[PDB]
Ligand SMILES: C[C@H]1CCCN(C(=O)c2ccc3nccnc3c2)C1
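Quick setup: one chain, the form deposited without the ligand, written in structure tokens, and binding and motion questions come after.
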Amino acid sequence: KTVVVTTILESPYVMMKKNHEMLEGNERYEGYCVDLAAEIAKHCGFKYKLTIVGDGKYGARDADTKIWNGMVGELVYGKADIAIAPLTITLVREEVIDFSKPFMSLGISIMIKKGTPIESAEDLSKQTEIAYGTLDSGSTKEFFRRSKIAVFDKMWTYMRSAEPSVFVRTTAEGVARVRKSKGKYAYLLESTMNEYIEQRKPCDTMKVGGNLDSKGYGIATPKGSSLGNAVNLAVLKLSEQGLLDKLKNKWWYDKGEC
């Protein structure tokens, strides 16, 4: 049976290939995770079909209804067999689905326009001139909503009660806000996405500070799935052979424009 693979559109993990309205199947796509789905598949020995996630979110449980949206949801309600994507391993998610070991490391970092008077997270908390928010429906938002640290609680208290909303719907949207906002908007996003943007034209963004925390992206399968075992091992193999780090070079740096 062809494995159905859910994933989300996020450069440079998965990206529409210049000509698509063309080729077809999995060929439509390219990017770090597309490349990873290929070797994963070969080593586990299965055929697969990439499909992009509907609502285009990563996945939170909606407090109201208690329904899972996003890629996590696609797994939880049986619409897919596996998620290969920038999907953060977190306690709440590990409760409803199974995670492989991490294939990539990352942490919550700050993005600012170059020339912004900001050096750290402590720095953002101590001020009002510069607004900051996070993506909606992701790890980073929850990280704040649930944190017990001095700086991170205040930061949250601000973000949840600010108007207009400091939250964006997509990473692209949050990046464009930084640029358009003339250095009066910082964006809290994960490190890997920061470092990637920092390397793209027009080169007006930059990542400042040390990460606020430490975590990783795992590949996801339905809780109690049989793939969960092979897939995991596939990840370990590919890591020790050097693949994951060779691929990070290919999509992050060997492509640099800065």
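One-based numbering along the sequence shown.
What comes next is about the form deposited with the ligand bound, which is not displayed.
**Student:** Whether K113, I130 and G183 jointly form a contact site for the ligand in the entry with it bound is the question; each needs a heavy atom within 4.5 Å.
**Tutor:** Checking in the entry with it bound: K113, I130 and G183 are all within 4.5 Å of the ligand.
**Student:** Is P117 close to the ligand in the entry with it bound, meaning a heavy atom pair under 4.5 Å apart or at it?
**Tutor:** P117: yes, in contact with the ligand in the entry with it bound.
**Student:** Any of the heavy atoms of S147 lying within 4.5 Å of the ligand in the entry with it bound?
**Tutor:** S147: no contact with the ligand in the entry with it bound.
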